[PDB]
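K.L.:
Below is the structure I would like to discuss, written out as structure tokens.
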Amino acid sequence: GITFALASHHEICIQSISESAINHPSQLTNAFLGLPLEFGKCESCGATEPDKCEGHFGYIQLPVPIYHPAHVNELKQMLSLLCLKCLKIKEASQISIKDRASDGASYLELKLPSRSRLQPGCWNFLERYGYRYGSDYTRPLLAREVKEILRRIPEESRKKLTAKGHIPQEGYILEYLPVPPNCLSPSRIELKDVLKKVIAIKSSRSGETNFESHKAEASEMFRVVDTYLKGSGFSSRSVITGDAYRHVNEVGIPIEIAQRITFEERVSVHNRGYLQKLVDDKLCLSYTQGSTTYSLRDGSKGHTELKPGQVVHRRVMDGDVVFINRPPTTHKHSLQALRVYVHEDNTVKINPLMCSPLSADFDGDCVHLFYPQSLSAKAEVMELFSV
Amino acid sequence: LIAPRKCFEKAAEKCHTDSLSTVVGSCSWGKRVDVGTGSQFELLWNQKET
Amino acid sequence: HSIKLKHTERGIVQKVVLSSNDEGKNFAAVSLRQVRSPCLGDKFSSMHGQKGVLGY
Amino acid sequence: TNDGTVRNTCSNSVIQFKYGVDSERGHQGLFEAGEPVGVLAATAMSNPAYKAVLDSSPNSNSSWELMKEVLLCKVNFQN
Amino acid sequence: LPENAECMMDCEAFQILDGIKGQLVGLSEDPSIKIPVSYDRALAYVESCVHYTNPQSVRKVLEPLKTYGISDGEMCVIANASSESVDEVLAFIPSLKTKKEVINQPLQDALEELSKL
Amino acid sequence: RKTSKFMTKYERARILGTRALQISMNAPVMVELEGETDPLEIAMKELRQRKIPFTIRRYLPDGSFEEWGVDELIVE
Amino acid sequence: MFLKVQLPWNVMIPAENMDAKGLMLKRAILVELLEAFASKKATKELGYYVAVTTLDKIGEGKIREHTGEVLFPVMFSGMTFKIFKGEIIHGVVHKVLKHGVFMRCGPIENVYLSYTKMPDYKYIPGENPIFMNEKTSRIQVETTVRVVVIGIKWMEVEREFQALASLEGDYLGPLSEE
Amino acid sequence: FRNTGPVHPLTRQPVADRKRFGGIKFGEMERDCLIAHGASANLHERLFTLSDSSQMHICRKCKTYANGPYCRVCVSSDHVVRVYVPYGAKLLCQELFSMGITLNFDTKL
DNA sequence: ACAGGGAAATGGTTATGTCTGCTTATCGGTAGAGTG
RNA sequence: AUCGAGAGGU
DNA sequence: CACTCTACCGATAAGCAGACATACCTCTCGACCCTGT
Ligand SMILES: [Mg+2]
């Protein structure tokens, strides 16, 4: 069972195999992120085909603290649920918490009740843990204070948090921004804009975080919280007609469809001569040996020797089983296994006796006739889906 | 069924998931489906008669 | 880089017409003709609603 | 499951003790142990509704509506 | 290491590998199986480092040392050391400067056993 | 454990599939009925008898397992 | 030095050797264990595998899909080889160089012996690289030397253990037969 | 028709332009009918073999997705597991790691 | 005529029901404790 | 190659 | 032993925005703007 968790900055730093930070626009198309583009080279892995490219992540040095937008409720409840704890190592009963919606940003508010009187020396733990910025009712709570109060966790708090159903991680403050690989290539434009904003703000930093810096520590948060946050192989579809002069388990197939699609089967000892007399007359298309595939087109002057390790796919002939899929119908009876029949026309022959299990009239309906590939799938379709 | 972002973030903040064998994982992660031919029964080979 | 015919495209070239506009953009079109006779699977219809597929 | 009782994949919960009537009559039905029925009952309940509502039948409209009503009842409801 | 993990002594690999090389004739005579490359190397190593001939007598005479509070690691050390002098055991483990004055007697016992056998 | 002692169709399909896949991997047949064109017929004639080399191991929802040989089980 | 370890392994066995008599199946599975074990070199946590002596328990085999082969999970006990820090080991030297010698300690073939810690032996150039000291002692091929390991280093590309020896000391001499 | 050929550059699936080759998409009705019939082998076959197939790796000790394979904390890639995972789940975990949610793939083998 | 940043607005306001869910006023309903 | 829209057989 | 007076939990509506167009599959026909050197 897969388990979800939060991405802490240390985990992003460990996952990031590159040591250099991404600061320039041209660094997004470098070589250590795989080969999803049409032109370029790789330095990390070097898998030349796109089917082997998995992608490599990255990180951006971001020294500014940003709150997690969609996890403000989790922090709210985790801060409201804890009992009153004085000393975190190893008058505060009426404390309340609220939020302010300032330009879309969800900032936490530590507001005191109006019935209580304000005292400059109260909450000495907040004073020793951080400097009091706002001496009024509006106090901007910086994420550093939250990280500092949440860094040292006692045993009882750990037990109660593991019992309630949550767990705090070092990922609420985004310090290392994970950058997705180039497998995807407006998101790129927003990434470029936010990169320009963060580099401008970093160039506009001088000293510790004060009011003169907090006045410029706003647009970043607003830009963060404003806009920053299957097919199948085998297939066949054609018009179906009526044919009541054949068995119920027999269904027709055109020439080109039977010529294109094949049926995979492993080489056995009981059919040593049959496979040879089928492969010498050039009816098969290709054959796979180990991890490489060899075609059966014109150009081979050497005889195709039989080997149990070399798998072959035989063209569908009388003796193959297939199941069909109809327009959506509640009944599972619509899916059925029928033997294939060879003919010269291009349409499919369906007897009128199969109209009650299905729902397709001969008025122009379309079906989806599939092909089993594995021999286990062959047994499954011949035993379960059979009439 | 509904907007995937809210349920995904809820599962992320929950961080508690048990080992279950429903349709989830069998059709999205490649796990063997636990109904039909892939139900709870094994095929250990016996050496006594062979 | 040239346009290659896809699956259901085949025929005998019946007309090749080439032309340009005032903006200096050369155009060109090739028309391919196929003649067909009713074959199994082709839908027919009358003046009164009934509609069916040739089956034999 | 193999025990003959209807089991659930989550928390190993039991829904029914045996799938199949145990009256005086006896028939060897196609229902076996390792066979899913919840999906089968889902399709077999969605089929009749479809017909009743695809046709414009007003007699079947009342019948379909009652079935629709029983399929929308909720734990919390008001007036 | 598992619960049934014990360090092997000397000349047991000699005997076992001599048995394997005796079987090697029929093993190579059968074209179904190929000969490994590690057996002959290990047997050359054990013939270059063979010192004892009987495991049972040396085991029964060293068992009192196992009772004296000696584990099997240093047992293998003194077995593959052919230990007998005080300088040899000093150069083997330099951390015995404080306990040589009591460990000299097991060294004399080992010398006597090696001289007897 | 099981009083009915009836083989389900799903286990039958599984064992026929694995028997065909085994006989299709350069392995001789237990019965002397070689010469077929498809491995499905070989697997069917093999399961039609009682001599089957492998058996099935059922699982219990309580968290245990019970063995049941194919020799004592009967097939329809 | 040689440690007895019990470890589970999923051995692959085809079905062309399936017969009624069981001793043939036992010989087949044994020779398949041997041919599968004589293909790798060693491991990082366990060490050099030497051989297998006795089988403990036989386990029932499971079938694999898409390939038609049965896998036998068998519990067996085997012999391994591992060298530890500070464990003095006897080795024979084969190749001599300018900066050190290439001594052979059983299967390991990359035990490095640094020359900077060689106070008494001096290098003599010529066809045969040799080291001679005041005690009239030589270290060459077929000659065993007693060294003390000070460290071990692993290599993932060669699958070998790089051990560095030490020769500094007082009155160091070769072993004398009695 | 379709035996093999090009796929989608994003989802690694057969394209919708069925003029040449291509290939239809597996619908929910097909999966519903398959689970109703009680089939698991051919379902996984059509879901992995004929569809987008790939590979995945993680440390036995660590609980993160390892990109051959290398995890940085436990440098010893000697303890890795290779399990068959389709490309859809790979894109999903990639997108979740891009958003900021890590995945703990609990694997027995 | 092309590289680089991320903008460019025009006021306007009479024209799917029907619902689930989330967040605010409104109504009582207490429940004490100043008095008595 | 990509996106969106429109027109279709079920 | 009766009175009044405001702190606290409910029930309330009561207002507030959203949210939604079964599914398999076919074909053709156009797709960001203002400004500086
Ligand atoms: Mg119709």
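K.L.:
Going by average Cβ neighbours within 10 Å, how do the peptides A:11-22, E:27-38 rank, with the highest at the top?
P.N.:
The peptides rank, most packed first, as A:11-22, E:27-38.
K.L.:
What do you get for Rg/Rh over region A:116-211 if you use C-alpha atoms and the Kirkwood form of Rh?
P.N.:
Radius of gyration relative to Kirkwood radius: 1.08.
K.L.:
What is the Cα convex hull volume of region H:1-77 when expressed per residue in Å³?
P.N.:
Looking at region H:1-77, the number lands at 155 Å³ per residue.
K.L.:
Determine which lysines satisfy two conditions relative to A:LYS282: a Cα distance under 16 Å, and not lying fewer than 8 residues away in the same chain.
P.N.:
A:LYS301
K.L.:
Where the centroid of each part is defined by its Cα atoms, how far is region E:64-79 from region G:110-140 in Å?
P.N.:
34
K.L.:
Can you pull the semi-axes for chain F, root of five times each eigenvalue of the Cα gyration tensor, sorted largest first, whole Å?
P.N.:
26, 13, 10
K.L.:
Bin all alpha-carbon pair distances of the protein assembly as shown at 10 Å intervals from 0 and give each bin's fraction as a whole percent.
P.N.:
1, 7, 12, 15, 16, 16, 14, 10, 5, 2, 1, 0, 0
K.L.:
Taking the Cβ of each residue in G:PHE72, A:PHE385, C:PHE44, G:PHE102 as the centre, tally the other Cβ atoms inside 10 Å and list the residues starting with the fewest.
P.N.:
Ascending number of Cβ neighbours within 10 Å: C:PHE44, G:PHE102, G:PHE72, A:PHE385.
K.L.:
What FRET efficiency do you get for B:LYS48 and G:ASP56 if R0 is 25 Å and r is their Cβ-Cβ distance, rounded to the nearest 0.05?
P.N.:
Using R0 = 25 Å, I get an efficiency of 0.85.
K.L.:
Using a 10 Å cut-off around each Cβ of peptide E:37-47, what is the average number of partner chain Cβ atoms that fall inside?
P.N.:
Counting other chains' Cβ atoms within 10 Å and averaging over E:37-47 gives 4.
K.L.:
What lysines does H:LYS19 reach when the alpha-carbon gap must be under 24 Å and sequence neighbours fewer than 8 apart in one chain are set aside?
P.N.:
List returned: A:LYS230, A:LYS349, C:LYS4, C:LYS6, C:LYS15, C:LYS43.
K.L.:
Stokes-Einstein at 20 °C, 1.002 mPa s, Kirkwood radius from Cα pairs: D for chain A in µm² s⁻¹?
P.N.:
75
K.L.:
I would also like to ask the following. What 222 nm value per residue comes from the helices of chain B, counting each DSSP H run with n ≥ 4 as -39,500 (n - 2.57) and dividing by all residues, nearest 500 deg cm²/dmol?
P.N.:
-8000 deg cm²/dmol
K.L.:
What order, most packed first, do the peptides B:39-48, G:139-148 have when packing is the mean number of other Cβ atoms within 10 Å of each residue? List each step's numbers first, then the result.
P.N.:
Values: B:39-48: 17.2, G:139-148: 15.7.
Answer by packing, highest mean first, reads B:39-48, G:139-148.
K.L.:
In this model, which of G:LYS4/G:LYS44; G:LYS85/G:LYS117; G:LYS41/H:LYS108 are farther than 20 Å apart at the alpha-carbon?
P.N.:
Beyond 20 Å: G:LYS41/H:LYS108.
K.L.:
On a 19 Å Cα-Cα criterion, which of the cross-link pairs F:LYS45/G:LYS26; D:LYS18/F:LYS2; D:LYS18/D:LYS74; A:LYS88/A:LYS160; A:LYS90/A:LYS164; B:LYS31/H:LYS90 come out too long?
P.N.:
Listed pairs above 19 Å: F:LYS45/G:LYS26; D:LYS18/D:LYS74; A:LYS90/A:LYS164.
K.L.:
Given R₀ = 51 Å, what would the calculated FRET efficiency be for A:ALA216 paired with B:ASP18, taking r from the Cβ atoms and rounding to 0.05?
P.N.:
0.60
K.L.:
Report the label-to-label distance for E:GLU6 and C:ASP42 in nanometres (one decimal), using points 7 Å from each Cα along the Cα→Cβ vector.
P.N.:
Each label point is offset 7 Å from its Cα along the Cβ direction, giving 9.1 nm.
K.L.:
Within a 10 angstrom radius of each residue's Cβ in B:23-29, how many Cβ atoms of other chains show up on average? Whole number is fine.
P.N.:
6
K.L.:
Quick check on chain H: helices-only [θ] at 222 nm, where DSSP H runs of length 4 and up contribute -39,500 (n - 2.57) each and the sum goes over total residues. Nearest 500, please.
P.N.:
When only DSSP H runs of four or more count, the value is -7000 deg cm²/dmol.
K.L.:
Please compute, for peptide A:266-277, the average count of beta-carbon atoms on other protein chains lying within 10 Å of each residue's beta-carbon.
P.N.:
Mean inter-chain Cβ contacts per residue within 10 Å come to 5.
K.L.:
Could you pull out which residues in region E:70-93 have an amide N less than 20 Å from a spot 7 Å beyond the Cα of E:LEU111, following the Cα-Cβ vector?
P.N.:
It comes to E:75, E:77-93, nothing else.
K.L.:
Residues with amide H under 5 Å of F:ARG58's amide H, sequence separation 5 or more or different chain, H placed in the peptide plane at 1.01 Å from N; which?
P.N.:
So F:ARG58 has HN proximity to B:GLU42, F:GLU66, F:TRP68.
K.L.:
Extending each Cα 7 Å along its Cβ direction at F:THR3 and H:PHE48, get the distance between those two points in nm, one decimal.
P.N.:
Going from the F:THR3 label point to the H:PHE48 one covers 4.0 nm.
K.L.:
Amide H neighbours of G:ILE89 under 5 Å, at least 5 residues apart or on other chains, H built in the peptide plane: list them.
P.N.:
The list, which skips near neighbours in sequence, is G:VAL147, G:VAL149.
K.L.:
A further question on this structure: In degrees from 0 to 90, rounded to the nearest 10, what is the angle of the helix D:58-70 Cα long axis to the longest principal axis of chain D?
P.N.:
50
K.L.:
Evaluate the distance, in nm, between pseudo-label points positioned 7 Å from the Cα of C:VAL30 and of G:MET24 along their respective Cα→Cβ axes.
P.N.:
Computed distance between label sites C:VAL30 and G:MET24 equals 6.7 nm.
K.L.:
Based on the Cα gyration tensor of region A:1-129, what are the three equivalent ellipsoid semi-axes, each the root of five times an eigenvalue, rounded to whole Å and given largest first? Walk me through the intermediate numbers first.
P.N.:
Working: eigenvalues 437, 55, 45 Å².
Those come to 47, 17, 15 Å.
K.L.:
Follow-up question, since we're still on this one. To the nearest 10 degrees, how steep is helix E:12-29 against the longest Cα principal axis of chain E, on a 0 to 90 scale?
P.N.:
Tilt of helix E:12-29: around 10 degrees.
K.L.:
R0 = 56 Å: FRET efficiency of H:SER76 with F:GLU32, Cβ-based, nearest 0.05?
P.N.:
E(calc), rounded to 0.05, equals 0.55.
K.L.:
Ok, one more. What is the distance in Å between the Cα centres of region D:1-44 and region F:30-76?
P.N.:
25
K.L.:
Kirkwood Rh over alpha-carbon pairs of chain C, then Stokes-Einstein at 37 °C and 0.692 mPa s: what D in µm² s⁻¹, rounded to an integer?
P.N.:
Working: Rh = 15.4 Å.
My calculation gives 213 µm²/s for D.
K.L.:
Report, to the nearest 10°, how far helix E:100-116 tilts away from the longest principal axis of the Cα atoms in chain E, using its own Cα long axis and a range of 0 to 90°.
P.N.:
Between helix and principal axis, roughly 50 degrees.
K.L.:
In terms of Cα to Cα distance under 13 Å, which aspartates and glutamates are near enough to C:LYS51, apart from those fewer than 8 places away along the same chain?
P.N.:
Once the sequence-local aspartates and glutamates are set aside, what remains near C:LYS51 is A:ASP361, A:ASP363, A:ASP365, C:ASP42.
K.L.:
Can you give the log10 of the normalised intensity I(q)/I(0) at q = 0.17, 0.23, 0.24, 0.25 Å⁻¹, computed with Debye over equal Cα scatterers of region A:183-260?
P.N.:
-0.84, -1.13, -1.17, -1.21
Quick reminder, even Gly has a Cβ in these numbers, built from the backbone with ideal geometry, and neighbours come from all protein chains shown. Quick note: the coordinates plus some simple rules give every number you see, no bench work behind them.
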